[PDB]
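Q: Just dropping this structure here.
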Amino acid sequence: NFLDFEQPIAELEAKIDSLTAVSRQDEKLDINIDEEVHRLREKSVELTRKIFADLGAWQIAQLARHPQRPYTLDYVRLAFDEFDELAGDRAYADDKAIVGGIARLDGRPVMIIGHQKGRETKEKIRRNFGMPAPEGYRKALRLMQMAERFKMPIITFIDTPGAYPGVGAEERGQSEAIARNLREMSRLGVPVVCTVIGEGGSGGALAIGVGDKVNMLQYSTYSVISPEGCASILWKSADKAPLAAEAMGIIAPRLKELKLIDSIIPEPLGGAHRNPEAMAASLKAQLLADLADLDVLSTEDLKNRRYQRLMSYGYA
Amino acid sequence: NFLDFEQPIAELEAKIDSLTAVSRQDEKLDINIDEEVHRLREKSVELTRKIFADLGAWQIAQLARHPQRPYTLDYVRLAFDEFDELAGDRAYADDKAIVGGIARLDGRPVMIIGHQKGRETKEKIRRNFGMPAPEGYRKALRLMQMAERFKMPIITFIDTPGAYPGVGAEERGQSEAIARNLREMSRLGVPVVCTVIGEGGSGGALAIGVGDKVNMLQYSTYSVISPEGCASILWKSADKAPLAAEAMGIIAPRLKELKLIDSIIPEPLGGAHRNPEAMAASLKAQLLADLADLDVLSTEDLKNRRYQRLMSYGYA
Amino acid sequence: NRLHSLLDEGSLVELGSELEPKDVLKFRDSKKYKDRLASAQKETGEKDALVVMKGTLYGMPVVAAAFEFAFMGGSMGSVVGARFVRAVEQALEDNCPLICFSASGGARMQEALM
Amino acid sequence: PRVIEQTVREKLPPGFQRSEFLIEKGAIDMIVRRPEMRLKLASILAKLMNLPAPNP
Ligand SMILES: CC(=O)SCCNC(=O)CCNC(=O)[C@H](O)C(C)(C)COP(=O)(O)OP(=O)(O)OC[C@H]1O[C@@H](n2cnc3c(N)ncnc32)[C@H](O)[C@@H]1OP(=O)(O)O
């Protein structure tokens, strides 16, 4: 289930995990497990450090879509508490690709909206691999309005390959729903903080991502179009996707230096999948620090500051 | 195409219409058409007066659903001008059972929303016999909001057998859509006047009928449930529907004396189908008179008066 | 041409005409983005896709705008949004409806997230 | 439409994403031809702004 370039680490982990079982496997073997496990872990850590010292925009994309990575549910469980899931768009259905709800954080209730992908293949099929139908965006609009009503802070997550290009999505006003979202979210009276956990972008994800603060993970990409699509359009070939990724600058440092985000959230060594708990701790600390200073502003001044930052968009 | 009890009038009209053609039919016949036509018209008028002197709640229902009667489009054409039809619910479809749009009346633009049934069988099938799907109600909500925005008066019509009890209607939040309509329409800042042209009721029609004024035609019924349904439920038999209609009081005088409406709009003798133009003139005069006095009120005082009239509902 | 067709003659007033493509990303496609920028600019004779002209309609003042599709699929640049905001500001300070006619193949990729 | 074709790997509905179709699916208000467009826009703006209608 690992990527192409993760073979030196992969081989050694097929031997470290067994040693715990070998402690009482059979034949009365209780070998000197401790020292061998520690040595193998040292070797694996050194190999991982050497491998991930060299990083590439394609490697960045692969880690952003590694098929083992904390989704919105994982970050909610491992960084928030008392999460009550609210569903329903009031209109047609409750699309699984967006998960929203209300939770408490350090005694302060918050509204959490973000996409969810799924670990197993069945869950990935059920959640449409994180591609939101328009009714999901309407649900997000409703939740944001509800949070606006009861003076509630809003913190949202952005982990989605792209807005679903399906027959039903186009039949049901995809562009209309996204525009309606993008209009109201510029009138909210509460702070909006967003994170780019996993892989997010494609413009459609911006319907829950126009706020006072924007943050990105170390191994996350946020592009207007998918690198494969960009290659197949501009380079007239799909296999030149790594070249398109290098040219675009979808990697975290490129999008940070372009003054489009606030800060890059560091990951545990080995990426987020190796130690999701440390990643959750870092994300919790970052979001708490970001929410701390923002709450000082009053609603009118907050909206005015957001509007001025809205004008700050673009080079011209 | 006439009802059961309209046989004396029906026979004579099969001879009056021919005399115009007989004026140059064949064989050089140009008989003394004028006097015979006038005598036959006198006889037909006297028979119609005698027949409609005796009226019954069932007869009231039959005239309310006579398969020849001015619908919303007819009243718009023959009483309003410069009608621009706006369609689309922005969500799923544009259900034909509700026709809405914006038109000018005596130099003042108005918003016209009302159900439409159809004359031919094909049109009746296409319009679902005036049964609105929930998306139509969402469209009506959108149009009412638009009229509220640009300080525009709203005048609506109610001619529908009942909210559509279909699979799709229930699948798509029928009750939710009607409730959403009924909540917003109590917050509009502009007067709302409604008419009960044709046959309307069943509760669902009230989603466009909660306003400062309510008016009814002389041969129209406005009931909570359909008389046939009321019979089949309470009397355990469908054929006792006329008895249920008599007991309920769906006829215009009963609903007028119950202080639920403002005034009964008279019809041309012979009902509305005999002279739809005179009916349109009466309806235009009534709506103009009703709109005249209401426009004096300011928006805040108008909403307060509507709320007080909202409290005035019910016996307790 | 669309603006001329809609707006009355003798009232065309272009707004925000000083803005021009000022590329800052230096994109490296199969062709350099400057190549396509210059080609479109010299072909269409216009600075960007959006064209703004405050006019008057039947005695009623009105603002108008339109997208030139030939400008690399009429993509929305920073100049496009800034000119739209300028038209909105003119409408707010001088009360009049705003009209925009949409024609775009999508967002300008070579300007990325901007 | 090519992206949707590669996504659903099937056939688009007839008249896909046409103004006639998209007004059926409620996302489109009205279909107006260009020769009528000037008068229609003037009338609609005059009504919405509550201004007197243009003289034609
Ligand atoms: C993700 C985004 O927002 S941009 C993604 C691209 N756009 C889309 O996916 C939506 C529609 N996709 C399309 O391909 C078209 O817009 C369609 C379907 C309307 C087809 O219209 P067409 O007649 O094929 O126009 P076409 O795509 O050729 O546009 C003309 C030119 O504009 C260019 N163009 C159009 N949109 C863009 C864009 N967003 N960025 C850069 N160039 C663009 C094309 O490259 C083309 O250039 P070329 O003729 O010199 O090669």
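Residues in the structure tokens are named by chain (A, B, ... in the order shown) and by number from 1 within that chain; ligands are numbered from 1 in the order shown.
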As a count of residues only, please: every protein or nucleic acid residue near ligand 1 (cut-off 10 Å, counting only C-alpha atoms and all ligand atoms).
A: 40
Q: Go through chain D and flag each residue having an atom no more than 12 Å from range 86-97 of chain B; for those, report the closest pair of atoms plus their distance in Å to one decimal, using only C-alpha atoms, ordered by chain and rising number, as JSON lines.
A:
```
{"residue": "D:19", "atom": "CA", "partner": "B:88", "partner_atom": "CA", "distance": 11.6}
{"residue": "D:20", "atom": "CA", "partner": "B:88", "partner_atom": "CA", "distance": 11.5}
{"residue": "D:21", "atom": "CA", "partner": "B:93", "partner_atom": "CA", "distance": 9.9}
{"residue": "D:22", "atom": "CA", "partner": "B:93", "partner_atom": "CA", "distance": 8.6}
{"residue": "D:23", "atom": "CA", "partner": "B:88", "partner_atom": "CA", "distance": 6.1}
{"residue": "D:24", "atom": "CA", "partner": "B:93", "partner_atom": "CA", "distance": 5.7}
{"residue": "D:25", "atom": "CA", "partner": "B:93", "partner_atom": "CA", "distance": 4.0}
{"residue": "D:26", "atom": "CA", "partner": "B:88", "partner_atom": "CA", "distance": 3.5}
{"residue": "D:27", "atom": "CA", "partner": "B:90", "partner_atom": "CA", "distance": 4.3}
{"residue": "D:28", "atom": "CA", "partner": "B:88", "partner_atom": "CA", "distance": 5.8}
{"residue": "D:29", "atom": "CA", "partner": "B:87", "partner_atom": "CA", "distance": 5.0}
{"residue": "D:30", "atom": "CA", "partner": "B:86", "partner_atom": "CA", "distance": 6.1}
{"residue": "D:31", "atom": "CA", "partner": "B:86", "partner_atom": "CA", "distance": 9.7}
{"residue": "D:32", "atom": "CA", "partner": "B:86", "partner_atom": "CA", "distance": 11.4}
{"residue": "D:44", "atom": "CA", "partner": "B:86", "partner_atom": "CA", "distance": 11.1}
```
Q: Counting only C-alpha atoms, collect the residues of chain C whose closest atom lies at most 8 Å from chain A, and write them out as a PDB file with N, CA, C and O atoms, in the first residue's frame.
A:
```
ATOM      1  N   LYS C  22       0.057  42.350 -16.083  1.00  0.00           N
ATOM      2  CA  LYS C  22       1.371  42.645 -15.463  1.00  0.00           C
ATOM      3  C   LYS C  22       1.794  41.294 -14.882  1.00  0.00           C
ATOM      4  O   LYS C  22       1.664  41.103 -13.656  1.00  0.00           O
ATOM      5  N   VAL C  24       3.391  38.236 -13.109  1.00  0.00           N
ATOM      6  CA  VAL C  24       4.354  38.216 -11.974  1.00  0.00           C
ATOM      7  C   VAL C  24       4.760  36.764 -11.692  1.00  0.00           C
ATOM      8  O   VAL C  24       5.693  36.571 -10.890  1.00  0.00           O
ATOM      9  N   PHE C  27       5.361  31.806 -15.581  1.00  0.00           N
ATOM     10  CA  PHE C  27       5.015  30.406 -15.799  1.00  0.00           C
ATOM     11  C   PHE C  27       5.829  29.813 -16.942  1.00  0.00           C
ATOM     12  O   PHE C  27       6.119  30.488 -17.934  1.00  0.00           O
ATOM     13  N   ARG C  28       6.195  28.542 -16.797  1.00  0.00           N
ATOM     14  CA  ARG C  28       6.947  27.801 -17.807  1.00  0.00           C
ATOM     15  C   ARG C  28       6.068  26.661 -18.317  1.00  0.00           C
ATOM     16  O   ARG C  28       6.104  25.545 -17.798  1.00  0.00           O
ATOM     17  N   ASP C  29       5.278  26.956 -19.342  1.00  0.00           N
ATOM     18  CA  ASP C  29       4.486  25.959 -20.043  1.00  0.00           C
ATOM     19  C   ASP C  29       5.316  25.408 -21.203  1.00  0.00           C
ATOM     20  O   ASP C  29       6.531  25.608 -21.271  1.00  0.00           O
ATOM     21  N   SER C  30       4.670  24.689 -22.124  1.00  0.00           N
ATOM     22  CA  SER C  30       5.334  24.344 -23.377  1.00  0.00           C
ATOM     23  C   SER C  30       5.773  25.605 -24.110  1.00  0.00           C
ATOM     24  O   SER C  30       6.870  25.659 -24.677  1.00  0.00           O
ATOM     25  N   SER C  78      -6.533  39.374 -12.808  1.00  0.00           N
ATOM     26  CA  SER C  78      -6.637  40.348 -11.727  1.00  0.00           C
ATOM     27  C   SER C  78      -7.178  41.673 -12.246  1.00  0.00           C
ATOM     28  O   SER C  78      -7.936  42.361 -11.550  1.00  0.00           O
ATOM     29  N   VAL C  79      -6.799  42.043 -13.471  1.00  0.00           N
ATOM     30  CA  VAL C  79      -7.347  43.240 -14.099  1.00  0.00           C
ATOM     31  C   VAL C  79      -8.853  43.110 -14.270  1.00  0.00           C
ATOM     32  O   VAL C  79      -9.593  44.079 -14.066  1.00  0.00           O
ATOM     33  N   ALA C  82     -10.471  43.604 -10.826  1.00  0.00           N
ATOM     34  CA  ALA C  82     -10.312  44.984 -10.378  1.00  0.00           C
ATOM     35  C   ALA C  82     -11.213  45.926 -11.169  1.00  0.00           C
ATOM     36  O   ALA C  82     -11.796  46.859 -10.609  1.00  0.00           O
ATOM     37  N   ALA C 107     -10.821  29.709 -15.452  1.00  0.00           N
ATOM     38  CA  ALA C 107      -9.890  30.577 -14.752  1.00  0.00           C
ATOM     39  C   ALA C 107      -8.520  30.548 -15.420  1.00  0.00           C
ATOM     40  O   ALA C 107      -8.071  29.516 -15.927  1.00  0.00           O
ATOM     41  N   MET C 109      -5.118  29.878 -15.802  1.00  0.00           N
ATOM     42  CA  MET C 109      -4.209  28.983 -15.090  1.00  0.00           C
ATOM     43  C   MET C 109      -2.859  29.642 -14.838  1.00  0.00           C
ATOM     44  O   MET C 109      -2.272  29.477 -13.764  1.00  0.00           O
ATOM     45  N   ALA C 112      -2.426  31.228 -11.775  1.00  0.00           N
ATOM     46  CA  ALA C 112      -2.559  30.336 -10.628  1.00  0.00           C
ATOM     47  C   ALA C 112      -3.678  30.761  -9.687  1.00  0.00           C
ATOM     48  O   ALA C 112      -4.758  31.166 -10.130  1.00  0.00           O
ATOM     49  N   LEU C 113      -3.419  30.676  -8.381  1.00  0.00           N
ATOM     50  CA  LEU C 113      -4.449  30.927  -7.380  1.00  0.00           C
ATOM     51  C   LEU C 113      -4.921  32.375  -7.368  1.00  0.00           C
ATOM     52  O   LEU C 113      -5.995  32.656  -6.825  1.00  0.00           O
ATOM     53  N   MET C 114      -4.151  33.295  -7.952  1.00  0.00           N
ATOM     54  CA  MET C 114      -4.507  34.710  -7.884  1.00  0.00           C
ATOM     55  C   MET C 114      -5.818  34.989  -8.611  1.00  0.00           C
ATOM     56  O   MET C 114      -6.641  35.782  -8.141  1.00  0.00           O
TER      57      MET C 114
END
```
Q: Residues within 7 Å of residue 13 in chain C, please, as a PyMOL selection string. Count only C-alpha atoms; anything in the same chain fewer than 4 positions from it doesn't count.
A: chain C and resi 53-55
Q: Run DSSP on the backbone of this structure and report the residues of range 67-312 of chain B it assigns to strand (DSSP E or B), as a ChimeraX atom specification.
A: /B:81-85,98-105,108-115,154-157,192-195,200-201,213-217,222-223,264-265
Q: Suppose we keep N, CA and C atoms; can you now write the selection as a compact mmCIF listing (two decimals), in the first residue's frame?
A:
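To be explicit, this is the file written out as selection-v7.txt:
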```txt
# COMPACT_ATOMS: atom_id res chain seq x y z
N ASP B 81 -50.65 43.54 -18.16
CA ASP B 81 -49.91 43.76 -19.40
C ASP B 81 -48.42 43.75 -19.11
N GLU B 82 -47.64 43.57 -20.17
CA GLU B 82 -46.17 43.56 -20.09
C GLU B 82 -45.69 42.49 -19.11
N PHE B 83 -46.17 41.27 -19.31
CA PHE B 83 -45.83 40.15 -18.44
C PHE B 83 -44.58 39.45 -18.96
N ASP B 84 -43.54 39.41 -18.13
CA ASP B 84 -42.29 38.74 -18.44
C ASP B 84 -42.16 37.53 -17.51
N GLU B 85 -42.18 36.34 -18.10
CA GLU B 85 -42.21 35.10 -17.32
C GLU B 85 -40.80 34.75 -16.86
N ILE B 98 -46.70 25.70 -11.31
CA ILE B 98 -46.69 27.08 -10.85
C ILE B 98 -46.10 27.95 -11.94
N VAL B 99 -46.81 29.03 -12.28
CA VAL B 99 -46.34 30.02 -13.24
C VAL B 99 -46.11 31.32 -12.48
N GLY B 100 -44.88 31.83 -12.55
CA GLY B 100 -44.55 33.07 -11.90
C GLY B 100 -43.82 34.00 -12.86
N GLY B 101 -43.84 35.28 -12.52
CA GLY B 101 -43.18 36.26 -13.36
C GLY B 101 -43.40 37.65 -12.82
N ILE B 102 -42.90 38.63 -13.57
CA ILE B 102 -42.97 40.03 -13.20
C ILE B 102 -43.68 40.78 -14.32
N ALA B 103 -44.64 41.63 -13.96
CA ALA B 103 -45.44 42.37 -14.93
C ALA B 103 -45.71 43.76 -14.39
N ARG B 104 -46.12 44.66 -15.28
CA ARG B 104 -46.51 46.02 -14.93
C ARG B 104 -48.02 46.12 -14.88
N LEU B 105 -48.53 46.91 -13.93
CA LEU B 105 -49.95 47.16 -13.79
C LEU B 105 -50.16 48.63 -13.49
N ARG B 108 -47.12 50.40 -12.50
CA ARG B 108 -46.44 49.92 -11.31
C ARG B 108 -46.08 48.45 -11.48
N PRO B 109 -44.80 48.09 -11.48
CA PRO B 109 -44.43 46.68 -11.69
C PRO B 109 -44.86 45.83 -10.50
N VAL B 110 -45.35 44.63 -10.79
CA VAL B 110 -45.83 43.71 -9.77
C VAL B 110 -45.24 42.33 -10.02
N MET B 111 -45.29 41.50 -8.99
CA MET B 111 -44.87 40.10 -9.06
C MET B 111 -46.11 39.23 -9.03
N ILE B 112 -46.30 38.42 -10.06
CA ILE B 112 -47.48 37.57 -10.21
C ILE B 112 -47.04 36.12 -10.10
N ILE B 113 -47.59 35.42 -9.11
CA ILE B 113 -47.31 34.00 -8.89
C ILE B 113 -48.63 33.27 -8.72
N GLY B 114 -48.83 32.21 -9.49
CA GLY B 114 -50.07 31.46 -9.39
C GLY B 114 -49.98 30.18 -10.20
N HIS B 115 -50.85 29.24 -9.84
CA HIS B 115 -50.86 27.95 -10.51
C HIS B 115 -51.60 28.04 -11.84
N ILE B 154 -46.50 42.53 -4.41
CA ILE B 154 -46.71 41.12 -4.74
C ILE B 154 -48.21 40.85 -4.77
N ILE B 155 -48.68 40.29 -5.88
CA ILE B 155 -50.05 39.82 -6.01
C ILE B 155 -50.01 38.40 -6.56
N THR B 156 -50.66 37.47 -5.86
CA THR B 156 -50.55 36.06 -6.19
C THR B 156 -51.94 35.46 -6.39
N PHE B 157 -51.99 34.35 -7.12
CA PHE B 157 -53.23 33.65 -7.40
C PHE B 157 -53.15 32.23 -6.86
N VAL B 192 -49.16 41.74 0.28
CA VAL B 192 -49.43 40.48 -0.40
C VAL B 192 -50.94 40.33 -0.53
N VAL B 193 -51.43 40.27 -1.76
CA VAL B 193 -52.84 40.09 -2.05
C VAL B 193 -53.02 38.81 -2.84
N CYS B 194 -54.03 38.03 -2.47
CA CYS B 194 -54.24 36.72 -3.08
C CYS B 194 -55.69 36.56 -3.48
N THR B 195 -55.90 35.76 -4.53
CA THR B 195 -57.22 35.48 -5.06
C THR B 195 -57.37 33.97 -5.18
N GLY B 200 -58.91 26.11 -5.37
CA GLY B 200 -57.66 26.11 -4.65
C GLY B 200 -57.87 25.70 -3.21
N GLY B 201 -56.79 25.29 -2.57
CA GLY B 201 -56.86 24.87 -1.18
C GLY B 201 -55.85 23.78 -0.89
N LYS B 213 -54.28 40.69 2.47
CA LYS B 213 -55.62 40.58 1.90
C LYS B 213 -55.83 39.21 1.28
N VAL B 214 -57.06 38.73 1.37
CA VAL B 214 -57.48 37.48 0.73
C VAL B 214 -58.85 37.71 0.11
N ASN B 215 -59.00 37.29 -1.15
CA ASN B 215 -60.26 37.45 -1.86
C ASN B 215 -60.61 36.15 -2.56
N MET B 216 -61.91 35.96 -2.80
CA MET B 216 -62.43 34.74 -3.39
C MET B 216 -63.41 35.08 -4.51
N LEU B 217 -63.49 34.19 -5.50
CA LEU B 217 -64.50 34.31 -6.53
C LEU B 217 -65.85 33.84 -6.00
N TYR B 222 -62.38 26.85 -1.12
CA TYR B 222 -61.09 26.90 -0.43
C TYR B 222 -61.21 26.06 0.85
N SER B 223 -60.82 24.79 0.75
CA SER B 223 -60.98 23.84 1.84
C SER B 223 -59.62 23.30 2.28
N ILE B 264 -66.13 38.75 -1.78
CA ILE B 264 -66.37 37.81 -2.87
C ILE B 264 -66.43 38.58 -4.17
N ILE B 265 -65.59 38.21 -5.13
CA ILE B 265 -65.60 38.83 -6.45
C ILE B 265 -66.74 38.24 -7.26
```
Q: Using only C-alpha atoms, I'd like a table of the residues in chain A that come within 8 Å of chain D; for each, show the closest atom pair and its distance in Å rounded to one decimal, ordered by chain and ascending number, as a Markdown table.
A:
```
| residue | atom | partner | partner_atom | distance |
| --- | --- | --- | --- | --- |
| A:165 | CA | D:4 | CA | 5.6 |
| A:166 | CA | D:4 | CA | 6.1 |
| A:167 | CA | D:4 | CA | 7.4 |
| A:170 | CA | D:17 | CA | 7.9 |
| A:171 | CA | D:25 | CA | 6.3 |
| A:172 | CA | D:25 | CA | 7.0 |
| A:173 | CA | D:27 | CA | 5.7 |
| A:176 | CA | D:27 | CA | 7.2 |
```
Q: Could you list, as a ChimeraX atom specification, the residues of chain D having an atom within 8 Å of chain C when counting only C-alpha atoms?
A: /D:38,42,45,54-55
Q: With N, CA, C and O atoms retained, write the just-selected residues as a PDB file, in the first residue's frame.
A:
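Heads up, here's the output in again-v2.pdb:
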```pdb
ATOM      1  N   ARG D  38     -31.682  44.243 -25.993  1.00  0.00           N
ATOM      2  CA  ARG D  38     -31.595  45.621 -25.517  1.00  0.00           C
ATOM      3  C   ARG D  38     -32.913  46.074 -24.898  1.00  0.00           C
ATOM      4  O   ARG D  38     -32.941  46.587 -23.770  1.00  0.00           O
ATOM      5  N   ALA D  42     -33.673  46.819 -20.914  1.00  0.00           N
ATOM      6  CA  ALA D  42     -34.171  48.131 -20.516  1.00  0.00           C
ATOM      7  C   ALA D  42     -35.473  48.013 -19.739  1.00  0.00           C
ATOM      8  O   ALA D  42     -35.642  48.653 -18.695  1.00  0.00           O
ATOM      9  N   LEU D  45     -34.786  46.372 -16.183  1.00  0.00           N
ATOM     10  CA  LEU D  45     -34.127  47.310 -15.281  1.00  0.00           C
ATOM     11  C   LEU D  45     -35.062  48.443 -14.878  1.00  0.00           C
ATOM     12  O   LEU D  45     -35.060  48.868 -13.718  1.00  0.00           O
ATOM     13  N   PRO D  54     -39.205  52.584 -20.622  1.00  0.00           N
ATOM     14  CA  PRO D  54     -38.703  53.319 -21.786  1.00  0.00           C
ATOM     15  C   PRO D  54     -39.751  53.411 -22.882  1.00  0.00           C
ATOM     16  O   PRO D  54     -40.595  52.527 -23.048  1.00  0.00           O
ATOM     17  N   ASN D  55     -39.684  54.504 -23.642  1.00  0.00           N
ATOM     18  CA  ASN D  55     -40.651  54.757 -24.701  1.00  0.00           C
ATOM     19  C   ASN D  55     -40.151  54.161 -26.010  1.00  0.00           C
ATOM     20  O   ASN D  55     -39.065  54.536 -26.472  1.00  0.00           O
TER      21      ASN D  55
END
```
Q: Considering only C-alpha atoms, state which residue in the set A:44, A:25, A:1, A:174 is at the smallest distance from chain B.
A: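 Of the candidates, the smallest distance to chain B is held by A:174.
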Q: In Å, how far is it from CA of residue 48 in chain D to CA of residue 289 in chain B?
A: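 Between these atoms lies a distance of 22.9 Å.
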Q: Using only C-alpha atoms, determine which residues lie at most 9 Å from residue 16 in chain A, disregarding the query and same-chain residues fewer than 3 positions distant; provide the list as a short mmCIF file (atom, residue, chain, number, x, y, z; two decimals) with C-alpha atoms, in the first residue's frame.
A:
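The resulting file, around.cif, is reproduced below:
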```
data_model
loop_
_atom_site.label_atom_id
_atom_site.label_comp_id
_atom_site.auth_asym_id
_atom_site.auth_seq_id
_atom_site.Cartn_x
_atom_site.Cartn_y
_atom_site.Cartn_z
CA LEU A 12 12.50 -3.18 7.21
CA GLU A 13 9.02 -2.61 8.66
CA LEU A 19 9.48 -9.20 16.51
CA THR A 20 6.64 -8.28 18.87
CA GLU A 36 17.20 -5.82 18.07
CA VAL A 37 13.95 -3.83 17.85
CA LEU A 40 16.08 -1.93 13.54
CA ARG A 41 14.09 1.17 14.50
#
```
Q: I'd like the neighbourhood of residue 15 in chain C as a ChimeraX atom specification, where a residue qualifies if any of its atoms comes within 12 Å (using only C-alpha atoms), though same-chain residues fewer than 2 positions away should be ignored.
A: /C:12-13,17-19,50-55,63-65,79-80,82-91
Q: Those same residues - C-alpha atoms - I'd like them written as a compact mmCIF listing (two decimals), in the first residue's frame.
A:
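And here's again.txt as it stands now:
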```txt
# COMPACT_ATOMS: atom_id res chain seq x y z
CA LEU C 12 -19.62 55.31 -23.99
CA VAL C 13 -17.21 55.98 -21.10
CA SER C 17 -8.55 51.36 -18.90
CA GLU C 18 -5.07 51.84 -17.39
CA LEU C 19 -4.87 48.28 -16.04
CA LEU C 50 -13.07 42.24 -19.62
CA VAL C 51 -14.06 45.57 -21.18
CA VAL C 52 -15.77 48.22 -19.04
CA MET C 53 -17.89 51.10 -20.31
CA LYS C 54 -20.26 53.22 -18.24
CA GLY C 55 -23.11 54.18 -20.56
CA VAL C 63 -22.91 50.36 -16.26
CA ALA C 64 -22.00 47.54 -18.63
CA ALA C 65 -19.20 45.03 -19.12
CA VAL C 79 -7.35 43.24 -14.10
CA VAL C 80 -10.77 41.71 -14.82
CA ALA C 82 -10.31 44.98 -10.38
CA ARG C 83 -12.24 46.51 -13.29
CA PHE C 84 -15.41 44.76 -12.13
CA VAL C 85 -14.85 46.20 -8.65
CA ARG C 86 -14.31 49.63 -10.21
CA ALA C 87 -17.64 49.32 -12.03
CA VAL C 88 -19.31 48.25 -8.77
CA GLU C 89 -17.80 51.26 -7.00
CA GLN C 90 -19.06 53.55 -9.76
CA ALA C 91 -22.53 52.02 -9.40
```
Q: CA of residue 179 in chain A and CA of residue 18 in chain D, how far apart in Å?
A: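 Interatomic distance, CA of residue 18 in chain D to CA of residue 179 in chain A: 19.6 Å.
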Q: Pick out the residues sitting within 12 Å of residue 281 in chain B, and hand them over as a PyMOL selection string; count only C-alpha atoms, and ignore anything fewer than 5 positions along from it in its own chain.
A: chain B and resi 74-80+265-268+272+275-276+286-288
Q: Those same residues, written as a short mmCIF file (atom, residue, chain, number, x, y, z; two decimals), in the first residue's frame with N, CA, C and O atoms?
A:
```
data_model
loop_
_atom_site.label_atom_id
_atom_site.label_comp_id
_atom_site.auth_asym_id
_atom_site.auth_seq_id
_atom_site.Cartn_x
_atom_site.Cartn_y
_atom_site.Cartn_z
N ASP B 74 -54.76 33.31 -18.20
CA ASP B 74 -55.87 34.05 -18.77
C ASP B 74 -56.09 35.37 -18.05
O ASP B 74 -56.28 36.42 -18.67
N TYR B 75 -56.05 35.35 -16.71
CA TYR B 75 -56.27 36.57 -15.96
C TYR B 75 -55.12 37.55 -16.14
O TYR B 75 -55.32 38.76 -16.15
N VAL B 76 -53.90 37.03 -16.29
CA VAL B 76 -52.75 37.90 -16.54
C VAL B 76 -52.90 38.59 -17.90
O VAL B 76 -52.67 39.79 -18.03
N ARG B 77 -53.28 37.82 -18.92
CA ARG B 77 -53.42 38.41 -20.25
C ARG B 77 -54.57 39.41 -20.31
O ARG B 77 -54.42 40.49 -20.89
N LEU B 78 -55.71 39.08 -19.71
CA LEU B 78 -56.91 39.88 -19.84
C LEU B 78 -57.09 40.90 -18.73
O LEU B 78 -58.10 41.62 -18.73
N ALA B 79 -56.16 40.99 -17.79
CA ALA B 79 -56.21 42.03 -16.77
C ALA B 79 -54.88 42.72 -16.53
O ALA B 79 -54.88 43.84 -16.00
N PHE B 80 -53.75 42.13 -16.89
CA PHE B 80 -52.44 42.74 -16.76
C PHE B 80 -51.80 42.88 -18.13
O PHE B 80 -52.33 42.41 -19.14
N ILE B 265 -65.59 38.21 -5.13
CA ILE B 265 -65.60 38.83 -6.45
C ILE B 265 -66.74 38.24 -7.26
O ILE B 265 -66.78 37.02 -7.49
N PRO B 266 -67.69 39.05 -7.73
CA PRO B 266 -68.79 38.52 -8.53
C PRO B 266 -68.31 38.04 -9.89
O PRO B 266 -67.27 38.48 -10.41
N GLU B 267 -69.08 37.14 -10.47
CA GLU B 267 -68.82 36.59 -11.79
C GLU B 267 -69.86 37.09 -12.79
O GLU B 267 -70.97 37.48 -12.40
N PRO B 268 -69.53 37.11 -14.08
CA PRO B 268 -70.57 37.29 -15.09
C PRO B 268 -71.60 36.18 -14.99
O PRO B 268 -71.27 35.03 -14.70
N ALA B 272 -67.86 32.15 -15.06
CA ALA B 272 -66.73 32.89 -15.68
C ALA B 272 -66.49 32.42 -17.11
O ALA B 272 -65.99 33.24 -17.92
N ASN B 275 -68.36 34.58 -20.12
CA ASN B 275 -67.77 35.87 -20.47
C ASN B 275 -66.50 36.07 -19.66
O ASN B 275 -66.48 36.79 -18.66
N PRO B 276 -65.40 35.42 -20.07
CA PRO B 276 -64.14 35.60 -19.34
C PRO B 276 -63.63 37.03 -19.34
O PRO B 276 -62.90 37.41 -18.41
N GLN B 286 -61.17 44.86 -8.86
CA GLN B 286 -61.04 44.47 -7.46
C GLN B 286 -59.60 44.54 -6.99
O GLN B 286 -59.31 45.07 -5.91
N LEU B 287 -58.66 44.00 -7.79
CA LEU B 287 -57.26 44.01 -7.37
C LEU B 287 -56.70 45.42 -7.34
O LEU B 287 -55.91 45.75 -6.45
N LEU B 288 -57.08 46.27 -8.30
CA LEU B 288 -56.62 47.65 -8.26
C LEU B 288 -57.14 48.37 -7.03
O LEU B 288 -56.38 49.08 -6.35
#
```
Q: Please run DSSP on the backbone and report, as a PyMOL selection string, all residues within range 101-280 of chain A that come out as helix (DSSP H, G or I).
A: chain A and resi 121-126+128-130+134-149+167-171+174-184+204-208+227-235+241-248+252-257+276-280
Q: Considering only C-alpha atoms, state which residue in the set A:152, A:29, A:177, A:158 is at the smallest distance from chain B.
A: A:177
